[PDB]
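Colleague: This one's experimental. Sequence and coordinates below.
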Amino acid sequence: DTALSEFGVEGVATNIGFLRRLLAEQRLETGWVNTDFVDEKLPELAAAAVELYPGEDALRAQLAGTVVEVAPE
Amino acid sequence: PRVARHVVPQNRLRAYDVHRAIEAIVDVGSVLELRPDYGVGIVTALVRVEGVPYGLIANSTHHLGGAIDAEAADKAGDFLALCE
Amino acid sequence: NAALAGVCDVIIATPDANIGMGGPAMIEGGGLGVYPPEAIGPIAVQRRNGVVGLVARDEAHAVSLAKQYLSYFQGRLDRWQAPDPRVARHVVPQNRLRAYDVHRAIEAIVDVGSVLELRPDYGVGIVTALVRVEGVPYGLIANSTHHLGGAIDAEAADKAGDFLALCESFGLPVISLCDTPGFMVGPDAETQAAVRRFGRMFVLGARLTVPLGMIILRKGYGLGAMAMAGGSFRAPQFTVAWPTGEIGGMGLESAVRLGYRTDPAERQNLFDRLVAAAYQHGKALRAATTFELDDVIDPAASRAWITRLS
Amino acid sequence: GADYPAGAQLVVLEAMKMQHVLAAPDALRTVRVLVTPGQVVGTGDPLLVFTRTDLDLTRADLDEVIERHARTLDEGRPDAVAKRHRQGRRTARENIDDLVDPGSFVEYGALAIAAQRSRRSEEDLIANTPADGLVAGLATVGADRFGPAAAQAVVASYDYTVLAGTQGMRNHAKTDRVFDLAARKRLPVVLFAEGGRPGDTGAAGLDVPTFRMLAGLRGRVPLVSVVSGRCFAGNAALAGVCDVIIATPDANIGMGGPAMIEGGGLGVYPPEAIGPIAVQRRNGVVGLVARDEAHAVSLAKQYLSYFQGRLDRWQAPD
Amino acid sequence: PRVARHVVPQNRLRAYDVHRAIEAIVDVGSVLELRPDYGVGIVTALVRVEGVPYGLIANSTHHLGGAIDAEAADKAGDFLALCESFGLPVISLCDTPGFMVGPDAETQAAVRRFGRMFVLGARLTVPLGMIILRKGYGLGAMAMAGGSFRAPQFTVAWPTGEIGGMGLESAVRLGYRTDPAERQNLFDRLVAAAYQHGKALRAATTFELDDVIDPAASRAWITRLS
């Protein structure tokens, strides 16, 4: 997944999103899926698809998460 | 006015924020910078000095030391065509 | 020396040419190191970004082109030779799918050897060239199918707008050979600021005060087709089309793709039939019937129409 | 840009230490050359472009068109051309090609058909509504005596054979198109008005620019109106917004058509009792009275001549 | 303002005095009607709306039902040449079925005369606002506006307005042709009926009019003319 995310492609549409969505599936955490899996999950998976001027600093996220409250500008 | 005097650093190497410069000249709150995240090399803004409207362009040190690149040149060319 | 050269209308350069705003001494004075002059403005780099307008074989040729370029802004020619009217009739293949060379259509219309195409390796979707019909100087723009099927992209838009301003500035009537499905779309086309760049093509067409005649060679759809006319099929002095033409808000295959949505293997087939079928109810003769075109002409008459423009 | 036969040397590269010589794959003509002596190339890099080294073979396309066009002309309509000559009058195209200089006409909207698919079908509209009733376009008049530039002119005629030469959606759009040009190029207009439509009892065409456009050309360019037959309603309006009206004795011009005089409750009158060449000859509505159609076109050509230039050959009286 | 609302009679047949209409719009006492006993078909007057000078033309019902005849056409043509010449913005109150038709009308050189009204409106380069009081049909109604309903800066209408290529009755008299004694009956049945699908509101639906206003709004619109 990390590999697929760090893959930058611009200009041509790809299926990096689909594959990415596909690795996230759970049945697949068992080590394998069968010949029909990717077909019965296609529609489900198909759907699921800054500079600073001197004197300024940027407050970054310490770790991943969902923003609940932010200060005003 | 006396504030405009400290805007530019005496050490010719220490970069500075253009906005501090602009704000030290045009009257308070009259600045309206257009396309700030585009051709960032140069600032194009509509301002006011004693209530009169002016167009303003300015080289920003935060980019290439002030160097005018192909994109910041285009942007400034556009703004000059607007003012004219 | 370059600054002066790039403030001009055209730059005629020879293969051994190297143009750059900064001399190796400047690239060095700026701390970017040291480079040899042959690696600054290669006739290959400048041939593409639209910096060099005409590429000459040698010095005598460059001077030849310079003499020719001026000629369009200097006056009419007395001796002129018309092409074989018949050739025009066979430029566009009768099969809407088979592509063809735009240079052929241009050369089948404007009189013999009067074509001088500018910045050809730049914004290749649209051809911008100074030409002549019966001795008179005209500016000419044309869609080339060899690029995106004729779709107008952000950069062809730029090159076209530039030319429309040139023509307007020195007053050359314009000849527009249209063959486009419209502007090139897509989330990627949008990242190249297509909204702002196509807008400028409309603005400069709106500013044309010179006569502009439009001939639809094959395709002429949506805004892109309009932009090619000045912003409307009403702006041109005459908006005529060859028999191979087809007009509409959106290209046929585009209407089909949207009006018919199942085939696992080859949809391509049901498509080609649903498209060649819809093509009959979208010809040029039909749009001619509702006056959406001033006429559907015999390609040998193109000149006769382009004449009443001057 | 040089022609070379098959085998002819085209480029020379220096591989290891020896020299590889690239030649013409066959009879070709150089076009573009993207390579300069001295540069280092890689495998497969393009060095130059080229073109390897009947006209009467008719094609369907051009034919369907020739036909569709030819079905608009006089020849393709013996039926209607007979009824006209029967009545002792010329057809729209006969008058036009008489006025206009030999093949200088550039017709606009020839393949236009009426705008009513609800009272008819596309089939008969295409054969019974040629040019929607109006043959209009660019031309030259007196180009032999004056320049082909000064003799330029917009020319239009209503075809009585098509719906009594009445005005309709499509031909309105054609008059606008053509009156726009007269202005764009400051060209004189010669209008063969005559006539006076199914779905007219709706969308009121009160926003039609036609009348305002011609009226607005008044002092700008010479406006000539030729009238034979019946000229009522909008057709008359246009005719009376002009500089001169050349009419033939059989002419009847009136702002209101018998249908309008009737719709207003004033009863029913026959068209020969509306704008008699005698009434309009007096109140200054008709400026020139022609003996016949060929004479009216003759006078129209002469009238324009004064606004077109000087004459070289002239004979002084005694 | 609320007074302007009662000026035009709801019964599309009951004539009314134009002066009441004009006076309900322009400011009090600003009216100066010129040549009132001449070309009585149309009223040409110099007026004021919020102190600003305007030229005003208006069809009078008391004449031929509003019909524009050869003489009232001449008079209006003159006034439009006056306004244009002295840069006065025009106000056009329309209530005409069209140009007076008939064989007799054609004798008074109406083709040349109605044409002069068309040419003189085609030359107006001053703002012209138009308000259809009741009837606005045919080329006559177009002339009243410069030559096209698009020509005016605004072509608006009062609730009592009716638009069309030809008047309601003209349409009925043609598309329906039997009554021995009294036809006047069945006639005003087809008329009052057809009216519903030719009124102002319907026209406004297809944007053939810029709007159908509350007559108290007349000023607010005219005001935008200067």
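Modeller: Cool, got the structure. Residues are numbered from 1 along each chain as shown, chains lettered A, B, ... in the order given.

Colleague: how much space between the residue nearest to residue D:161 when sequence neighbours are not counted and residue D:250?
Modeller: Of all residues not flanking residue D:161 in the chain, residue D:80 sits nearest, at 4.1 Å (CB to CB, 6 or more residues apart in numbering or on different chains). Placement of C-beta: from N, CA and C, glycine included. Residue D:80 sits at a distance of 19 Å from residue D:250 (criterion: CB to CB, to the nearest Å).

Colleague: Where does the closest residue to chain B within chain A sit: helix, strand or coil?
Modeller: Closest residue of chain A to chain B, CB to the nearest CB: residue A:53 (4.2 Å). Residue A:53 carries the three-state label coil when classified by DSSP: H, G, I helix; E, B strand; the rest coil.

Colleague: got it, and residue D:176?
Modeller: Of the three states, residue D:176 takes helix under three-state DSSP.

Colleague: Which secondary structure element is home to residue 12?
Modeller: All of this refers to chain A. Assigned by DSSP states H and E, residue A:12 falls within no helix or strand.

Colleague: not what I meant, chain D
Modeller: For residue D:12, the host element (DSSP H and E) is strand D:9-14.

Colleague: Let me see the ranges of the helices in the chain.
Modeller: Since no chain was named, I'll use chain A. Using DSSP state H, the helices of chain A run over A:2-6, A:16-23, A:37-40, A:42-47.

Colleague: wait, chain B
Modeller: According to DSSP H, chain B carries its helices in the segments B:18-23, B:61-64, B:70-83.

Colleague: Could you dump the ones you listed into TSV with distance to residue D:261 and mean neighbour count added?
Modeller: Below are these laid out as TSV (distance: least, CB to CB, whole Å; neighbours: other CB atoms under 10 Å in any protein chain shown):
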stretch	distance to residue D:261	mean neighbour count
helix B:18-23	76	18
helix B:61-64	80	18
helix B:70-83	60	15
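
Colleague: surely the residue nearest to residue D:161 meets residue D:163?
Modeller: No: Residue D:80 is not in contact with residue D:163 according to CB atoms under 8 Å; the separation is 11.7 Å.

Colleague: out of those two, which sits in the more crowded spot?
Modeller: Using other CB atoms under 10 Å in any protein chain shown, the more surrounded residue of residue D:80 and residue D:163 is residue D:163, with 20 against 17.

Colleague: ok, the more buried one touching residue D:129?
Modeller: Yes: using CB under 8 Å, residue D:163 makes contact with residue D:129 at a distance of 7.3 Å.

Colleague: Touching both of the two, which residues are there?
Modeller: Residues touching both residue D:163 and residue D:129 (CB atoms under 8 Å, 6 or more residues apart in numbering or on different chains) are residue D:114.

Colleague: Quickly note the distance from the residue lying farthest from the centre of chain A to residue B:40.
Modeller: Relative to the centre of chain A, the most outlying C-alpha is that of residue A:55, 33.2 Å out, by CA atoms, centre = their mean. Distance of residue A:55 to residue B:40, given as CB to CB: 16 Å.

Colleague: can you give me the strands in chain B?
Modeller: All strands of chain B, identified by DSSP state E, fall at B:32-34, B:42-49, B:52-59.

Colleague: Is it possible to get TSV of those that adds mean neighbour count and distance to residue D:228?
Modeller: Output for the strands of chain B, formatted as TSV (neighbours: other CB atoms under 10 Å in any protein chain shown; distance: least, CB to CB, whole Å):
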stretch	mean neighbour count	distance to residue D:228
strand B:32-34	13	65
strand B:42-49	20	65
strand B:52-59	14	65
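
Colleague: and the strand holding residue D:12, which residues are buried?
Modeller: Buried residues in strand D:9-14, defined by neighbour count with 16 or more other CB atoms under 10 Å in any protein chain shown: residue D:10.

Colleague: rewinding a little: would you confirm that the residue farthest from the centre of chain A contacts residue B:19?
Modeller: No: the pair residue A:55 and residue B:19 fails to qualify as a contact (CB under 8 Å) at a distance of 9.3 Å.

Colleague: quick check, distance from stretch D:80-90 to the centre of its chain.
Modeller: With CA atoms, centre = their mean, to the nearest Å as the basis, stretch D:80-90 stands 23 Å off its chain's centre.

Colleague: Now do the buried residues in it.
Modeller: Buried-residue list, stretch D:80-90, by 16+ other CB under 10 Å: D:80, D:81, D:84, D:89, D:90.

Colleague: Contacts for it, please.
Modeller: Residues from elsewhere that reach stretch D:80-90, judged by CB under 8 Å, 6+ apart: D:74, D:91, D:98, D:160, D:161, D:228, D:229, D:293, D:294.

Colleague: separation between the fifth one and chain C?
Modeller: According to CB to the nearest CB, to the nearest Å, residue D:161 stands 19 Å off from chain C.

Colleague: quick one: that residue is in a strand?
Modeller: No: judged by three-state DSSP, residue D:161 forms no part of a strand; its state is coil.

Colleague: Which strand residues bridge the residue nearest the centre of chain D?
Modeller: Nearest residue to the geometric centre of chain D (CA atoms, centre = their mean): residue D:137, 1.9 Å. With DSSP bridges as the criterion, residue D:137 is bridged to residue D:107, residue D:155.

Colleague: can you tell me which residues contact it?
Modeller: Residue D:137 makes contacts with D:105, D:106, D:107, D:108, D:154, D:155, D:156, D:178, as judged by CB under 8 Å, 6+ apart.

Colleague: now do residue D:100
Modeller: Each residue near residue D:100 by CB under 8 Å, 6+ apart is listed here: D:139, D:140, D:141, D:155.

Colleague: again, but for residue A:16
Modeller: The neighbours of residue A:16, taking CB under 8 Å, 6+ apart as the test, are A:4, A:7, A:9.

Colleague: is it possible to export those to a markdown table including neighbour count and distance to chain B?
Modeller: Below are those laid out as a markdown table (neighbours: other CB atoms under 10 Å in any protein chain shown; distance: CB to the nearest CB, whole Å):
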| residue | neighbour count | distance to chain B |
| --- | --- | --- |
| A:4 | 13 | 29 |
| A:7 | 11 | 26 |
| A:9 | 8 | 24 |
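
Colleague: ok so, going back, nearest to residue D:169 among the buried residues of stretch D:80-90?
Modeller: Proximity of the buried residues of stretch D:80-90 to residue D:169 (CB to CB) peaks at residue D:80, which lies at 21.5 Å.

Colleague: Next, work out how far apart that closest one and chain E are.
Modeller: For residue D:80, the distance to chain E equals 26 Å [CB to the nearest CB].

Colleague: quick one: secondary structure of that residue?
Modeller: When classified by three-state DSSP, residue D:80 comes out as helix.

Colleague: my guess is residue D:93 contacts residue D:76, does it?
Modeller: No: judged on CB under 8 Å, residue D:93 makes no contact with residue D:76 at a distance of 10.9 Å.

Colleague: Thought residue E:102 was touching residue D:261, still the case?
Modeller: Yes: under the criterion of CB under 8 Å, residue D:261 makes contact with residue E:102 at 5.6 Å.

Colleague: Distance of the residue nearest to residue B:25 when sequence neighbours are not counted relative to chain A?
Modeller: Spatial nearest neighbour of residue B:25, excluding adjacent residues (CB to CB, 6+ apart): residue B:4 at 6.4 Å. Residue B:4 sits 17 Å away from chain A, going by CB to the nearest CB.

Colleague: Quick one: residues contacting residue B:4.
Modeller: Residue B:4 makes contacts with B:21, B:24, B:25, as judged by CB under 8 Å, 6+ apart.

Colleague: residues contacting residue D:297?
Modeller: D:95, D:98, D:99, D:226.

Colleague: from memory the first one sits against residue D:193, does it?
Modeller: So the one you mean is residue D:95. No: assessed by CB under 8 Å, residue D:95 is found out of contact with residue D:193, at 11.5 Å.

Colleague: which ones are touching residue D:144?
Modeller: Residue D:144 is in contact with D:101, D:151, counting by CB under 8 Å, 6+ apart.

Colleague: Please consider this matter closed, and thank you.
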